[PDB]
Amino acid sequence: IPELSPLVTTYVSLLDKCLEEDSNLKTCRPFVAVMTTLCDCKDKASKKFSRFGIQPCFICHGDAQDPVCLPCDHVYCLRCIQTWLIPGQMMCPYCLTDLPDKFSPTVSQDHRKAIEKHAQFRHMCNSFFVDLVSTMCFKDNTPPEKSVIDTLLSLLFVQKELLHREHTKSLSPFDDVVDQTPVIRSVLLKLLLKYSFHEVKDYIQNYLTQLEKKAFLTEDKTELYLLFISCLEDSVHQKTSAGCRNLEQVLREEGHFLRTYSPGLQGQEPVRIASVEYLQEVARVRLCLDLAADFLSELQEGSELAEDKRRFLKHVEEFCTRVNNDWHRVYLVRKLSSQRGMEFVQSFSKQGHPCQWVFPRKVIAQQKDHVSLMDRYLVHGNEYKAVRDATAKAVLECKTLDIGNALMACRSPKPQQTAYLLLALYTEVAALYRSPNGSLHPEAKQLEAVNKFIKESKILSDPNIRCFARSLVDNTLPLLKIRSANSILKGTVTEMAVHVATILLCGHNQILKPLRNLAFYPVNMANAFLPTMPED
Amino acid sequence: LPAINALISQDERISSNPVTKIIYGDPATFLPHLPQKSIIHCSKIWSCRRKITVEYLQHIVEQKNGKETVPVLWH
Ligand SMILES: [Zn+2]
Ligand SMILES: [Zn+2]
């Protein structure tokens, strides 16, 4: 927009002449000066743009779309003016002026262009304002003054004016902007938290009280608390990672903290009190539990923990058996599962491993040793489940018609139907074989049932499907014998293999033809252009 | 992913295991030795979150059309 260069060069000179005497942006005076400079620069820019400062709609407090020009030179939303001027209030709410005829005169050449220019200018101003407050106020490790922190925190509010009240702005030093939803950002919180936690407790506590008193009186404060905990834990993570420190000193620091953790669970508990000290404490214990989860994963993968990390794990176990807040144990087990998987905690849910202390008391008392694996094939949904349940029922009994009846009572024709049938067969045989109690169940006069079903049902009597079925039913298929050693990814790799084999067999698509050639005709792929390889 | 996670969590041969409840999407209120309901002790708060890694940044930059918006970070 080549229509603001002279004014902004004048403002460049103005900010230069007011910057020599205070070349320290960390205090309040230059922040206030530059805020006023940006504000009156926006005002003068709008004045030069669109005939002395076009204002937002008075009702929604935001920019007006499809502008309608009142005789008193007022810009209101077309929706707001159409839903507000229809009853017996034919008068401009701002200056109290009666509109003669109707909201008919609209301008399609002037107001919209000025509005878009104002939006662009305000976007750049706000963006580099938050850029400066992130940079100029945070050049070094020295915390800024209290006054500038107070000003930047109070800038967010749109407090009571003549008429919703008490919104929250995205660091905009201007007033012609609103969000008609109280939303709390974390950029100011994060910027405050980059400093040491000891020197910013008052500011974050004041902001918390302000948002609890005017933004989140009675609402879902759980999201707010988890957001603040995440921000605090990210801040301490950055402080630990960026700083020049080893692992043994932080290990002993965390061990001492856990040993010196006074419970204090009754202080900020009941309904409303959430001290920033308690948020720091919960973030710290969550980080400690994440470290313990990593140590347990390493112990499962490898040898002992060099007698030092074992001390940290012992302190964690003493903490868990000392405090009754099992929510921390739930967080620890969730982190362990997210790091490795469910089979990790299933192996840890055995009957005497020296890690049962990481599990609650009721989770081990009534857990049997028949804890199996789940079928990860539920991606289909509502139809693979039915056919697999019918297949399991046919496995339990000798009748084999239930699976066919369920198959013929569904949509998703022959390709995906055969995929479902073969996958259910594989899942049933794998579940029977892996479980030692029911080993070789189809061979107990039940393989004749499935064989008669294959001979009777022509929905899968394809020679390739027939050979796959006969290989899979008697466990002669060369995928089960992967002879892995980790005993964790053996089943996963085998099930990837069997699922891709079933997909290729049942995928009768042109793109799947080369994949079929690779997975079933290797002799023809002798000296062939194998994909996903580097080229010069 | 949430839909398949919820459906798999409801499978009626692993849900019998109490371990998968405190793991695969069931609030831990069913554990008797628990503190009372608290605004800070919500089930969502005590859940697990991700660890931001540059490969996740790669996913964000490729999935949000970083070819022309922010290509320098992409490279
Ligand atoms: Zn007016
Ligand atoms: Zn409006």
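What you see of chain A is 3891-4053, 4060-4432, where the numbers are those given in Swiss-Prot.
This entry, so its header tells us, was determined using electron microscopy, 4.5 Å.
A Cβ is built for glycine as well, from the same backbone N, Cα and C atoms used for every other residue.
Distant neighbours of the zinc finger (A:3947-3986): 3941, 3993, 3995-3997, 4001-4002, 4005, 4008-4009, 4048, 4063, 4072-4074, 4076; these residues of the same chain sit at least 6 beyond its ends, with a Cβ under 8 Å from one of its Cβ atoms. According to Swiss-Prot, the feature zinc finger maps to A:3947-3986, an assignment based on sequence analysis.
The Zn(2+) 1 binding site annotation in Swiss-Prot covers A:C3947, A:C3950, A:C3967, A:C3970. Note: A:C3967 (Zn(2+) 1 binding site) has non-local neighbours A:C3947, A:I3949, A:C3950, A:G3952, A:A3954, A:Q3955, A:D3956, i.e. same-chain residues 6+ apart with C-beta under 8 A of its own C-beta.
In the three-state DSSP scheme, A:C3982 (Zn(2+) 2 binding site) falls into the coil class. Same-chain residues at least 6 positions away in sequence with a Cβ under 8 Å from that of A:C3982 (Zn(2+) 2 binding site) are, in sequence order, A:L3960, A:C3962, A:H3964, A:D3988, A:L3989. Positions annotated as Zn(2+) 2 binding site by Swiss-Prot: A:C3962, A:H3964, A:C3982, A:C3985.
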Q. Taking the Cβ of A:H3964 (Zn(2+) 2 binding site) as the centre, how many other Cβ atoms fall within a 10 Å radius?
A. 21
(Q) Using the Cβ center of A:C3962, A:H3964, A:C3982, A:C3985 as the Zn(2+) 2 site position, which other residues in that chain lie within 8 Å, going by their Cβ? (A) A:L3960, A:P3961, A:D3963, A:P3983, A:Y3984, A:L3986, A:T3987
Q.
For each of A:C3970, A:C3985, count the other CB atoms within 10 A of its CB; which of these binding-site residues has the top count?
A. A:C3970
Q.
Cβ atoms within 10 Å, counted per site: which of A:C3947, A:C3950, A:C3962 has the most, among these binding-site residues?
A. A:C3947
Q. If the Zn(2+) 1 site is taken as the center of the Cβ atoms of A:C3947, A:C3950, A:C3967, A:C3970, which further residues of that chain fall within 8 Å of it by their Cβ?
A. A:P3946, A:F3948, A:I3949, A:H3951, A:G3952, A:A3954, A:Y3966, A:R3969, A:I3971
Q. How many whole Å apart are the CA atoms of A:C3970 (Zn(2+) 1 binding site) and A:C3985 (Zn(2+) 2 binding site)?
A. 17
